[PDB]
Amino acid sequence: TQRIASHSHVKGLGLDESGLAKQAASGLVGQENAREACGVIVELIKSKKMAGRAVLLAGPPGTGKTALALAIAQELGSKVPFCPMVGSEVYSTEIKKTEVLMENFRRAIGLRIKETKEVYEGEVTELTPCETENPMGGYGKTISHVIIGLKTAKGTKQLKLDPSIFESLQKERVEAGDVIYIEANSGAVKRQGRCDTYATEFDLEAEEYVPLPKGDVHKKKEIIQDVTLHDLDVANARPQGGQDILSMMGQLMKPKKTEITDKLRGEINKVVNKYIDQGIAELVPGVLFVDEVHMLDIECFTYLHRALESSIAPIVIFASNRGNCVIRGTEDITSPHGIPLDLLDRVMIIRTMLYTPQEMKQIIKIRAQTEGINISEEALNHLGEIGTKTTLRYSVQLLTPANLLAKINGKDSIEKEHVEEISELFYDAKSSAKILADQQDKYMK
Amino acid sequence: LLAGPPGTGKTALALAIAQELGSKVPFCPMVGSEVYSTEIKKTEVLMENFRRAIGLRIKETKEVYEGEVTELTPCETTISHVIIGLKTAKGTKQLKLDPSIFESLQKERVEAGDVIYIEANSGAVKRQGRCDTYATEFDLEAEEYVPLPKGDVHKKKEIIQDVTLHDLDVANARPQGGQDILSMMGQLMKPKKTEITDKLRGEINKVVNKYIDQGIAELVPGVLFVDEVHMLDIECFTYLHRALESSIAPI
Amino acid sequence: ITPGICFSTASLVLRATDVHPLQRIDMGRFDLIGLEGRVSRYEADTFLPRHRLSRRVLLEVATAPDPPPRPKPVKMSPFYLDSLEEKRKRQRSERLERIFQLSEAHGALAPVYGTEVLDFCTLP
Amino acid sequence: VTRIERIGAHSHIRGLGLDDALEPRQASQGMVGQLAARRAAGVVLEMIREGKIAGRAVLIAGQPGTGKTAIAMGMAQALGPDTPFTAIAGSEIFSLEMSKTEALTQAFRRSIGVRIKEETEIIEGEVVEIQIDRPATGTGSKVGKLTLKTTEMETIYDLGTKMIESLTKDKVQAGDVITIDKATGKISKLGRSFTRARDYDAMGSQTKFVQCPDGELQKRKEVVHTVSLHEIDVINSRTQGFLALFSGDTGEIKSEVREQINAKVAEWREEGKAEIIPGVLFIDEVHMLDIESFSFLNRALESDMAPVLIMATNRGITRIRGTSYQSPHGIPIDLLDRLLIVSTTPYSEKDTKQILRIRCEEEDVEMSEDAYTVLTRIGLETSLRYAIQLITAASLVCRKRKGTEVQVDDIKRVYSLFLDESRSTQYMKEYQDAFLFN
Amino acid sequence: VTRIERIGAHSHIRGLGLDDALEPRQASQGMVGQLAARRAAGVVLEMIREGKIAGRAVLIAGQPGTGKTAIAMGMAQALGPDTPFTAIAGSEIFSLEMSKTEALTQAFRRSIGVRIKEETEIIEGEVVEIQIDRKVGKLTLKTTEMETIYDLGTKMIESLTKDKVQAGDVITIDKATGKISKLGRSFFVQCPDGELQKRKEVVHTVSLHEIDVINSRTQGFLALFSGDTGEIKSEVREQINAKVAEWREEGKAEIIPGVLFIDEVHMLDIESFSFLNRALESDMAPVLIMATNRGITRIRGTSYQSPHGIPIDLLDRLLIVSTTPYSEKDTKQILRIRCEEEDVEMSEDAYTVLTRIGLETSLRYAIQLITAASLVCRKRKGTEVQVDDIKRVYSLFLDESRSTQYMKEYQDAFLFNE
Amino acid sequence: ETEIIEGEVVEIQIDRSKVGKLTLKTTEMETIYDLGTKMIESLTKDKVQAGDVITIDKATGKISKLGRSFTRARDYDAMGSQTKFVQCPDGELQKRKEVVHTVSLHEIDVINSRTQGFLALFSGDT
Amino acid sequence: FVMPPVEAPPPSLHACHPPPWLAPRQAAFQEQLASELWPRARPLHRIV
Amino acid sequence: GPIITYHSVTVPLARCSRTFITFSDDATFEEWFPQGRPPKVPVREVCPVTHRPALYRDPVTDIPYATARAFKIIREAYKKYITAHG
Ligand SMILES: Nc1ncnc2c1ncn2[C@@H]1O[C@H](COP(=O)(O)OP(=O)(O)O)[C@@H](O)[C@H]1O
Ligand SMILES: Nc1ncnc2c1ncn2[C@@H]1O[C@H](COP(=O)(O)OP(=O)(O)O)[C@@H](O)[C@H]1O
Ligand SMILES: Nc1ncnc2c1ncn2[C@@H]1O[C@H](COP(=O)(O)OP(=O)(O)O)[C@@H](O)[C@H]1O
Ligand SMILES: Nc1ncnc2c1ncn2[C@@H]1O[C@H](COP(=O)(O)OP(=O)(O)O)[C@@H](O)[C@H]1O
Ligand SMILES: [Mg+2]
Ligand SMILES: [Mg+2]
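Chains as they are written, first to last, in UniProt numbering: chain A, 12 to 456; chain B, 67 to 143, 153 to 326; chain C, 917 to 992, 1882 to 1929; chain D, 16 to 453; chain E, 16 to 149, 157 to 209, 224 to 454; chain F, 134 to 149, 156 to 265; chain G, 1978 to 2025; chain H, 209 to 221, 259 to 331.
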């Protein structure tokens, strides 16, 4: 978090309340049409009423596609799930590509569960049965309640409980002076150790003595837990915590992703629907971002057709900087973005354009501000001129070496000489390619 | 590289080099097509052979107490120690054993009249049968009767054994023994070669350097001979570029 | 239900890998993976460098008489042989030297990770 | 609140929309047009419902966007949950855990259901009083008595030791409406007829009550157990198969196990124990199968346990994967002889407009007639799916400007913001050097 | 009764049919003709039995259906069961369990055997009385010549309790191990005659691969039956080779070099051939015999053409035995031998017609037609195969040539013609 | 940073596996401790006896054995592979242990991947 | 309901004069593993 | 025999569920409900030598202490007591 990454300046989409894109806001410069389309897509995500919709960010490299996707993620917030993914990740040695894609799809669909957990804490001060003056059956003594006195830091309360709790109390070996907690939703007593006021400095127990609970005896709170469908699927496919031989085998064996069946996924969907109907949980459909979609092969694209046609799928964002390239896994089949035309028919294409020199200068200034670097106007103009040739990434990547060189030279700002020296020290892609071409005989292969 | 037409003696020259070096220098012969394993990556095979070629010579004196057991009495304070009586052709010796050895003696089912040996440095106990003087105690027992040991009860031998870095790597790749349930279930697992981490390699190098400084170890760099090297692919050659530049690699 | 397969082999085959202890070195001096979960960074770094035994201390303790009995809690030479004794004291010296060498050998190695590091890094 | 299932591509299709004579209506149950293809789908659906002929294969072939998957989803929705419908993609059979033939076999056998119908004795009533007497110390025989009540009965039951243990585990109290199966002794709580005593603390908020059951106490109810052939194979393959039912990881099931299961199911069917419910396997984009998978399909359709197989492909004369042979639809002619082909014709203007109207009704979007005309023109020019996407895009744009009806301006705005394949390809040609490869 | 070993393709081959001077006979031990190939095979057999030269490799090359596998089977038959003869196909070395080099290394080590002799005491008799009391016990055993009472130890008492032994059972006990195997009950197997306790000399021939697998891990012998060997470490193999050398030096064991036969070796790829090139140079390498019918053919895994599909570097280490096509007389003699093997009686005209058919098309086609003609003759209640039956089975069953002609007639009806 | 108790075991008395007392000593100190059920179970599981030099973590109660003290009666002829003789600790019985180590993120991932994931830090079968 | 057509115990390794420590070690390993794991396998009893 | 009776009844408030537990003999009732009195807080012992709160307890002298110097002083005092009283 403290370290500055390449998209550390993107705090969202700089959109007006009417959806129009401001020239420079929220860390984004230019790309007004793409930003407006991404805002429409953000509204679509927030509407939560569409499934399997796909958006493709298409444009030359270094044109803000990943920045736009991260701006979408920032606009949605941490509540909305956002599962980034590169196309190379589908090639796994454990599960098939379709399984990886399905798992990421289920990772993007989130579920938020709201529940109230009511507990009674305290140190047991009193344990007195409530006998009845008329014993049932004539002989012996009958009891109708068990009075438990619970003491905390700022109070003491008595709880008239069901007589059946006597067995749980004996099983937990609860005696006077012990700290216990009783859960309302289950009616069970759990002994979380003994109070520390009865412990001496000469005792050696570690987890036996516990501090007296603070606060009130009756504690209730609302617990909000955010989970994804993939979390439930994996937790049910390879369960952890059992005491049977299968759980022991799972612990022993090397963990391995498995092909989760449609039966388990249907059961999870049914449980989630039941929870939603009960009012416990609220569905939070998020976004799956698949960067470098062109690295997927023809099998992945074909599966993606069925994946997107599903009614449970999230909203998928693709990104490709390829032209009329050959689809991987096929022999001499060319498609406009490296994506077969069948999948391109299922997506909405957002075009990202190249940046004018003014926009490049603005982006350089913003990146310098984010990295804590003061740059002079002449140095900024020289770096923008360097960015007119070469690329924008080269210019934003010369900022920190130049700052280091200035600091070594003893200056708090980047001057033009520092940028010139850095340009002399480091070559760009075009200059290196020219050097290689001029000496193609001396290099290898 | 030995380059020449077929039948010109490249393998013969390598074997002549091996003969000139002697059996004390590790000569590891491999064929280029042996890197295509189905358990580990090709670079792992190459690095395993590299560590195989490097040899380490360790000089150590081992002590073993061997003989027929004439008495086995644990001494209670728990058990402070175990007094054992071992008999050989050259006499009898009474030994006091660390109480941890009592568990090993009980596991091996050692009773009076059994012929055992105990390793002094490790406390390992092996019950190598019953003494043949007791072969007539029953007319039909399913026992293996072994002669009484000939030498002294206490046997000392100073030995020099050569090991390779790969031996230490595979000795530290998986745990041995262990009475836990996971360890026992791991003993049933099929033994598979694994891509040993570079952290483990560096730690083993540190251990080897420590023992060399102590003066109990000597390094024999050795030679790894790769025949039919043209069977290696481009990835193997690229990895060889880095591996040969290491300061730890063999010839 | 079928009877099992009785596979008979030479008794010499089952002893092919077996090596006599006098013919093999102790590989426990290179056992790094066995130390995990048993030896801590404290033992290797702070305790053992400070409280390692010395030959002088070992000899002094061995030669000194038995310690006096612990106090109870209060609520408040005709048959003498010189050669036999020389052999016995040589054996005692050898035993003490072996004890020292084994104690040094069994605590020479430091764990790669240690119990503290593993416990700190192990989430619930 | 939004359920886990939301508005998808085929969310408006509730069935094929046919009449009794399998004559397709122009617009019913979401389906529009494709009259001949829908009639063929209805005939195939009747064949599936009859469930008498095993291993029939149908190929839905047509241009992209002609409603092949729409027709398949309509067939699936018209079948109903009683009949199995396994829908997979062609790419899904390529697995690192099992062979292609094993994956195809599992896909087939997930589409056949085995149903076992048996009658059991069931006790359902309101607990009036339950008493359990147990020894104070040491192992002993617990003695108990339970009282159950309906609207017309009340009986006092003497309880055995195992029923006592079951009741103790279930924590059955007075007022709990419980179900008891006499054979297995299983007890299932289904509610409380009234609240517990108020004087007790730490009890929580009482939920709603359940009315006491009527009729006799010990009734006779029909219990139906339904599993697929794949589930039987998985749970019989190995001890851990029941966990493999959820984790996958079945490996390759032995052919001996499958032969035993086929024989046993045939014996059960002869002995009236179980009924076979053959279903459908839908392989979308069957052109991704290789020559080996097609060859396996050739002989796997010849079994009497095979379901009806429905394939969809939009390929012309194309090279078969794994070979260098050009074949229609990417399928070998030997398999093409074993299947009937259903062609889908392209949609006209009125069919496109009706599809757009149904989609807008499904998405709760109100659109003007001029906007419908413009959107239909766009769909004819670009594609149907592009127009469907622009539907929602224009709905969102209209909602942004605090409107109520989607106008032509919103459609033009979303046409400007989002591009089709043609305009994207044109703009990429304009900047060909900027894009990376070719 | 029908046993597992029925009549196969080489069931009639019982040897090489050579005399003491390695001069082949015209017809002997199921072998007809090919004098040069049989003489070379006899020389290779003498080399194998001598056991002095290690890693010698021989290739049997010739046209299809020229007795290459027949020569190999005769070589295998001339050697006894004592000498290992591992026969695999080239396809078998391609495995998902281990590498190709590992497969060839295990193929090599399966061909070298270690012969170990040891003495054991074996007690075989009929149980008379077994007594166990709370441990002590007595056991009384009898033969047809003597009777004895044994005082039992604890371990033997446990062994006799584990394997239910009652009076009247005839059992054998291995004294050192307690291995009790019940071989029947007598009042069904006759009671043993001679001494009750016999000292026997048991000889085991254990291959190097078997030693490696047994010593690879605990309960590792199971891998000899269920695969699951993985890739055995080279350290274990070197240790086993060293220990076997120690045994040979100390006289505890004898090495029995054997033969590894790889039929259709052209299925091997360049990697396997390169591995074999150096695997043959070890002193523990067996004799390798290979057969292939390929002419100048692409080597698998490469684009190079080689005379046998084998790279020339390996071919420089091979001795090549060439098989020549058979004449009319040799073909007729082979047909007679196969008829005698299958218990089929033919007329001389039937033999002539079948010889002409075999010469015109193939020897294997005629050998196959023999059984079909016998069945056709048995269908019409005949006893001897006539020319009519041979013509009937010729018409019923096609050969490759006529099948190809008929396919070319209707080439459009078939699938994927090129 | 962890508080520990470090000393040589003098006496272990267990009354009847219910309650007991443990006596620990240094070269300058000696004290007796009251044990609970779990402490007694941990002491019996590790087979802690007299003369052993042990450290006890106050927070978790885990006991690791450093060595044992050497006495005239412990002159063993053979020693086990893990036993080693160490001097009785000096100073105070209660001590603070500070451990500083450098690990990588991948190592923590491997540690928390499975139950005994630290073994994969050696084998590499991650 | 599926039963294997054949059922056999695992193959046994026999030698005339085996190392007298192998069998007790294997027996102890099997006994400990059974004593530790059989209680955990009781739920699968009906399946078995 | 000696039994514990668990009883659940339906009683009018219109109806509510109540549970009762009946013990056949008073010995079982006392065993399950000992009615133990609240425990007593131990006295925070203090080192007689340094007056700091006690952290240790010398087994020989049973005198709590909180310093090594305090331990040495206590052992010296015990030795003097042994010498005097004998
Ligand atoms: N319009 C923009 N406004 C602000 N920053 C941008 C803009 N476009 C790109 N960047 C930044 O410049 C860098 C270029 O990367 P990017 O354009 O995201 O690559 P790609 O084009 O492959 O998505 C990124 O770190 C991004 O944060
Ligand atoms: N200079 C030499 N002197 C003696 N023998 C040789 C010589 N060169 C080769 N040979 C023999 O010729 C055979 C083939 O040589 P080889 O080592 O295979 O050459 P290469 O390894 O280059 O193929 C070997 O058995 C070797 O013993
Ligand atoms: N005849 C039709 N009636 C109703 N909706 C249709 C029809 N044809 C296509 N659609 C809808 O158009 C969208 C794309 O059609 P689709 O069936 O995916 O084409 P394909 O046949 O190429 O799969 C789907 O959401 C589908 O619901
Ligand atoms: N010389 C021969 N003597 C006896 N039988 C032969 C002879 N040659 C071939 N056969 C038999 O005829 C058949 C031809 O097979 P074979 O010639 O071994 O094929 P390949 O050419 O692949 O080795 C075999 O069944 C073999 O038994
Ligand atoms: Mg489709
Ligand atoms: Mg052949």
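All C-beta atoms, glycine included, are put in the ideal place defined by N, C-alpha and C.
Query	Result
Where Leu-257/B meets chain A, residues with beta-carbon distance less than 9 Å	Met-259, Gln-262, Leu-263
Reduced DSSP category for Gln-226/D - H, G, I as helix; E, B as strand; rest coil	coil
Contact under 8 Å by Cβ, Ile-193/E with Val-187/E	yes
Beta carbon proximity, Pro-304/H to chain A, threshold 8 Å	no
Below-8 Å beta-carbon distance, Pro-919/C vs any chain H residue	no
At least 3 beta-carbon pairs within less than 8 Å: the region 282-293 of chain D vs the region 125-135 of chain D	yes
Cβ-heavy atom distance, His-344/D to ligand 3, below 7 Å	no
C-alpha distance - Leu-263/A paired with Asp-264/E, whole-angstrom precision	20 Å
Within the region 178-254 of chain B, ranges of the alpha helix (DSSP H) (whole runs, at least 4 residues)	240-246
beta-carbon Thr-84/E near ligand 6 non-hydrogen atom, thresh 7 Å	yes
Residues near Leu-316/D in its chain [Cβ-Cβ closer than 7 Å; skip 5 each side]	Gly-70, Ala-72, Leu-324, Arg-353
Nearest to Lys-231/A (by Cα), restricted to the options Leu-416/A, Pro-412/A, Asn-196/A	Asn-196/A
Min CB distance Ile-212/H to chain C below 8 Å	no
Coarse secondary structure for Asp-214/D, derived from DSSP in three states	coil
Selected residue, minimal CA-CA separation from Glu-231/D, among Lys-164/D, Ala-259/D, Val-239/D, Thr-199/D	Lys-164/D
Min CB distance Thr-104/B to chain E below 8 Å	yes
Inter-residue CB distance, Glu-134/B and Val-190/B (contact presumed, cutoff 8 Å)	5 Å
Cβ shell of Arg-378/A (< 7 Å), same chain only, five flanking positions each side left out	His-20, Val-407, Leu-410
Closer than 7 Å at the beta carbon, the chain F residues around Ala-313/H	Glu-167, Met-168, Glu-231
Alpha-carbon spacing of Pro-220/H relative to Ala-212/D, whole angstroms	10 Å
For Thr-166/F, the three-state DSSP class (helix, strand or coil)	coil
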